[PDB]
Structures are given as structure tokens and as C-alpha cells.
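Commentary on secondary and tertiary structure
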Amino acid sequence: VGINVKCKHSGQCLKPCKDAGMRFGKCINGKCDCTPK
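Residues numbered from 1 in each chain as written, not as in the entry; some residues may be left out. Heavy atoms only, no water.

Structure determination for this PDB entry was carried out by solution NMR, as recorded in the header.

This is the structure:
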């Protein structure tokens, strides 16, 4: 789930999610959400 970054796509979020300790990314309300383990 969520990190603390602003995304445009579910990629824009995937990179920081993964990079922050997650698996994938999903953008919700302009902010990021992750799809972790």
C-alpha cells in the first residue's frame, strides 16, 4: 500500500514502491499505493 509520493501512472508508483521495499505500484488519488508481498 501507499508510500509518500505523487504519481501519474501505476508505474510512477511502482518504481518508488519497489525501491521503498514493495513489489508493484498503483496510483490512486494522485498519490501512490503499492502491491507489496
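With respect to the state of the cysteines
Quick reminder of the rule: The definition used for a disulfide is geometric: two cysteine sulfur atoms within 2.5 Å. Working definition: helices are DSSP H or I runs of at least four residues, strands are E runs of at least two. Numbering for both runs from the N terminus. Residue exposure (1.4 Å probe, protein chains only): buried if accessible area is under 20% of the type maximum, exposed if over 50%, otherwise partly exposed.
In the structure shown here, the tally under the stated rule is three disulfides. In this model, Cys-13 is linked to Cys-32 through a disulfide, with the two sulfur atoms separated by 2.0 Å. Here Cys-13 and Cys-32 share a disulfide; its torsion about the S-S bond, 75°, makes the bridge right-handed. One end of the pair, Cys-13, is in the segment before helix 1 (14-20); the other, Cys-32, is in strand 2 (residues 32-34), with 19 residues separating them in the sequence. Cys-13 sits in the buried class, given a relative accessible area of 0%. The connectivity of the disulfide-linked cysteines in the protein, indexed sequentially, is 1-4, 2-5, 3-6.

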